[PDB]
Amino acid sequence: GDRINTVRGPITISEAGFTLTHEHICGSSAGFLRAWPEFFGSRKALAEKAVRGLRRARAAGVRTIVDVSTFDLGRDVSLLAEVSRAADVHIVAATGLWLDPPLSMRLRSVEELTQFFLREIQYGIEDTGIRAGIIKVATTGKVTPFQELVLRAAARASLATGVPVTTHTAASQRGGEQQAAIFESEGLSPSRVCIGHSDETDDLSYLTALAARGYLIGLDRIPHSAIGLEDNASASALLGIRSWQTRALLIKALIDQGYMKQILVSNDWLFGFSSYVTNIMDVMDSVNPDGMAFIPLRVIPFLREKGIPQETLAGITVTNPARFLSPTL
C-alpha cells in the first residue's frame, strides 16, 4: 500500500527517490537470453554492461528504474535481481504482455490472462518469488481483439491489486485514446495508468486531453533520435528523426499547460536488444553514450535552463513516480 515490489523485495515509497519509469535491462524474447546468451556476447558480459550503466545512472542521481520488460520481451527477473543488487539501484519488475505474445499466450482468454498477471503480482515471477510492481501492455494504433483482452486483463489485475498499468502506444496514431476507452469500460481509474511513448508525437491537444482526464503521460523516449543516421534505414525507423530537444520541449509544454503532476519521464533505454536488427545496440550507444543517465545529465539541466523550477523537476522525477507506483485501490 505504502510499499512497492522490487526485485530485491518490498521497499517504502520514500526509498524510491529519483525514478525512471520506463526502462529495460534487456529487450529480448521469452526464453531467448537463456537459450542463446552468446547473442549478447555472454550473460556475464550483459550483466556487467547493465551494472556499469546502472551505476553511472546512480552516480547521476537515479535511485529506481522500472523495467517494463514483459514475459514476451524476454524479461529475466533473475538477471534484474543480479544487476540491481550489484548496482544497488532499485528495479521494479513488470507483468503484462507486449507486442510479441507466443501462441501459448495469444490463445488465452481474458480470464486466463487475468490469472497470469495476478500470479506474477501476487505470487511471484516463475519460481523466483519476485513480484511484479507494474503491468505493462502494448497495442498497435487500432487495438486488435487479442490486445483488447490483454488491456481488460490488465485493468482487472490492477483493480484487484492496486498496481498500475503502463502502455506502449503509437502516439502518431493517438493510440492512448483507444486504450483509455477500454480501461475506463472496466472501471479502472486513469490515475492508475501511464500512456507511454507519448513523446513520439507533437500533438499537444492529444496529450493535454489525456492529462486532463487524470492519465499519466509517459514522455519516455527522449534520447531516441537517428539525426545524423538518415543513411541507416533500420535505425531511422526505430529512433525517428525528431531531436531529443524536440521531445524534451513536450515536458515543458505540459508543465506550461498546468499538468506537471501527470508527467513521467524516462529514456526507454536498454543494455541488450535482440528483438530488433543485429548490432542495433552499437548504433544506439553511439547516439546516446549517456544511456539511462541521459535524463538527469542532459534533460534536467535543459529544462532548468528553460526556466522550469527545481521543485517542479523534483516533483516530476520523484513525486509523480511515487504516486504512480504506490499500490492504490
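A residue's number is simply how far along the shown sequence it sits, counting from 1.
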query	finding
130 to 138 versus 165 to 173 - greater average Cα B-factor per the deposited record	165 to 173
Between 88 to 96 and 142 to 150 (mean CA B-factor, as deposited), the higher	142 to 150
Identity of residue with top Cα B-factor, from 67, 285, 38, 268	285
186, 231, 199, 112, ranked by C-alpha B-factor: the highest one	231
Third assignment of residue 24 from its chain's C-alpha B-factors	lowest
Position of residue 322 among the chain's modelled residues by C-alpha B-factor, lowest, middle or highest third	middle
Record-listed C-alpha B factor of residue 215: chain third	middle
Where the record places residue 157 (Cα B-factor, split into thirds across the chain)	highest
Relative C-alpha B-factor of residue 221, binned into the chain's lowest, middle or highest third	middle
